[PDB]
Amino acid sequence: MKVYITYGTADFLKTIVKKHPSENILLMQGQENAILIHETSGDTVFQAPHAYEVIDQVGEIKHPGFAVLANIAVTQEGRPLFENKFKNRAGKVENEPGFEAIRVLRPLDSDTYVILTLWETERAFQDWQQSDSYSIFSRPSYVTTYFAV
């Protein structure tokens, strides 16, 4: 129900994972830095996290091979319209082979919504992206990807 994200060197982020073994904290490696993703109903364990509310979810955050974040900046005025489109989402992605999980994350510390998808492999995501299933913006959207460590 909340998701906290933080960024930094994998070496630094690993210390947080090990400090909190009873929390489900997922570490993945990206090009610029590594990421921790912590889903919980409780409080953050990160210094100055990015905090999000979960507005749609399918699947468990476990040991995915690949993660993709669509980072979509939405104006304050556009938020109601943007969020309400998710009730109308096709609902196909969660049925594609190699899919593990999706979170649609409402940002509480910025304007940048995250559509987080977790996949068994990078190929599973590539197959989805090539398939049939798949102003209110403050700046252009961008995608970040991360791999299992």
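Residue positions are given as counts along the sequence shown, with the first one as 1.
The modelled chain breaks after residue 134 and resumes at residue 135, leaving 10 or more residues of the deposited sequence without coordinates. The mean Cα B-factor in the deposited entry runs higher for 125-133 than for the other of 19-27 and 125-133. Looking at 85-93 and 48-56 together, the entry lists the larger mean B-factor for 85-93, computed on C-alpha atoms. Between the residues 120, 43, 109, 39, it is 43 that shows the highest Cα B-factor in the PDB record.
Ranked within its chain, residue 148 lands in the middle third, by CA B factor from the PDB record.
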